[PDB]
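Data first, discussion second: the structure below is written as structure tokens.
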Amino acid sequence: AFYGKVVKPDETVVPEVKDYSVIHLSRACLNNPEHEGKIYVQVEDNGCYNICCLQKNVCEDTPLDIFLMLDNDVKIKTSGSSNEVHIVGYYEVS
Amino acid sequence: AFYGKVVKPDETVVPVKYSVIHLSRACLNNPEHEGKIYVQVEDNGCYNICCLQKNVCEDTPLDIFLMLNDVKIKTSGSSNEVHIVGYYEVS
Amino acid sequence: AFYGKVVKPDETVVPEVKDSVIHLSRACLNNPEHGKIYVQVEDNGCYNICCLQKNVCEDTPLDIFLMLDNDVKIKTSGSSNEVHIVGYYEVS
Amino acid sequence: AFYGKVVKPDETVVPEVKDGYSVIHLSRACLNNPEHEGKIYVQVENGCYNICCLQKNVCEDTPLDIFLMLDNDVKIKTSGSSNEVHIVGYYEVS
Amino acid sequence: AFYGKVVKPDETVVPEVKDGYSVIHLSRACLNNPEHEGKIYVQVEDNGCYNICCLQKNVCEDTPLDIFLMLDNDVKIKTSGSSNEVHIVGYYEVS
């Protein structure tokens, strides 16, 4: 079960639950970005923690290994430069 | 069961030997054009898996699973070919 | 079961025990202001698990298993910038 | 079963086939005090695909995750600057 | 089951065999406020001596690893190059 969402800045994504109690993040990647600053991908659980940092041309992508419980209503957001981030992974149970 | 295809820029790849396919690397090959190039997956939308650019970053390892969901692979960006490599898998 | 802690410099953290094992998945800086900073675990001996700096490398993935019962310890050493540890919990 | 080979430039490696083991997994590639400063590719041969790109004092090592079928008598070679490459992995069944 | 060792430059390390577990997984190699400025390689022995990674003071101080070593093979780990210690960190695993 493939998972993918494009995380627009100032849009907070709570991942939709197809079927699967958990979600696994495998990749984060920018998309021909315009703003030239760093951007953080964050999960809100509480507390709000940085899972990765992208800064346009220097580092446009990074692998991930993040498990998120969907029943825990985990939240995903960007905070740095105003750029969209492409999340890619797969669904998983418990 | 080894998997490998060279993705020409103006070519969209649909990978079915096994049920799922695991991507292990995308890598350039003596590229000539200098801009960035993205590797993309289409499964209900079109998502970037990685970004490659001559000199800056010519390859990256991958850990992406795709259900053989009639997923599609394409490159976007520089007029450069990209070597996708991985392996097949059941369940 | 998601895990996350912000390890302030000169605060030594023993990870919270959600009802047994913990896997470290990421270490990452956060708009740092101040050189290198190391993330360390003190399992008897004290081992560097990763190295972060302001401009060269602000985050890195991790793949570390830690026993919570073994009272393993986490600390940063070097430049005084906060580090976001992120991972997930696991049993046995 | 540990696997290790030094892939000299312009010498084609077909990994020795252990009886019992059918597949071989590549886990890491790394340079060794290289002399020529150009880039070098590691390749596997249906077709001949670049599995990694290494370069002196720029990117000397990389992790790998390549499974190769031993019965298919697949081939490994480096193609670029005249530098040797250290492949490390393990033998495996199914 | 955590594993960690600091490989001094003059030392060949054979990882301790914790019974119950059979394999050992290397997760990281990382320097520790190094003093010498040359590059240093992390190597595994056996018949051969193979480089798993390369570390240097200012350019690249750590790298992730994903190396499986069978404890049955009593493999050896050493660094060769600049006189710097390298912190190997990982965990034990069964089968």
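Numerical summary
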| quantity | calculated |
| --- | --- |
| Amide proton proximity set for residue B:82, modelled H, under 5 Å, gap of 5+ | B:7, B:8 |
| For the protein assembly as shown, alpha-carbon Rg relative to the globular expectation (2.2 N^0.38 Å, N residues) | 0.94 |
| Summed residue charge, Cβ within 13 Å of residue E:41's Cβ, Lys/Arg positive, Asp/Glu negative | -1 |
| Total charge dipole magnitude, chain A, about the Cα centre, Cβ charges on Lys, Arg, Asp, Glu only, Debye to nearest 20 | 160 debye |
| Residue-by-residue Karplus 3J(HN,Hα) for segment D:84-89, coefficients 6.51, -1.76, 1.60, Hz, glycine and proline x | 8, 10, 9, 8, 9, x |
| Of D:5/D:56; C:36/C:75; C:73/E:8; C:8/C:73; A:77/C:73, pairs whose Cα-Cα distance is over 21 Å | C:73/E:8; A:77/C:73 |
| Surrounding net charge for residue A:74, when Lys and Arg each add one and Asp and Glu each subtract one, Cβ distance under 10 Å | -3 |
| Percent antiparallel among DSSP beta bridges (both partners in segment E:2-93, rounded to 5) | 100 percent |
| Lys, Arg +1 and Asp, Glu -1 on Cβ, resulting dipole of the protein assembly as shown about Cα centre, debye, nearest 20 | 640 debye |
| Segment B:6-30 versus segment D:1-53: alpha-carbon centroid distance in Å | 20 Å |
| Residues of type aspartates and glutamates that residue B:72 reaches as a straight line, Cα spacing below 14 Å, ignoring anything fewer than 8 places off in the same chain | B:10, B:11, B:42, B:43 |
| For D:54-62, mean number of other protein chain Cβ atoms within 10 Å | 5 |
| Dipole of chain C, positive end: most advanced residue of C:25, C:80, C:68 [Cβ charges, Cα centre] | C:80 |
| From phi via Karplus (6.51, -1.76, 1.60), per-residue ³J(HN,Hα) for segment C:5-12 in Hz, x at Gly/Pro | 9, 9, 8, 5, x, 6, 10, 9 |
| Pairwise Cα inverse-distance average, inverted: Kirkwood Rh of segment E:22-95 (Å) | 12.9 Å |
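Just so you know, all these numbers are worked out from the coordinates, no wet-lab data involved. All Cβ positions, even for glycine, are placed from backbone atoms using ideal geometry, and neighbour counts span all protein chains on display.
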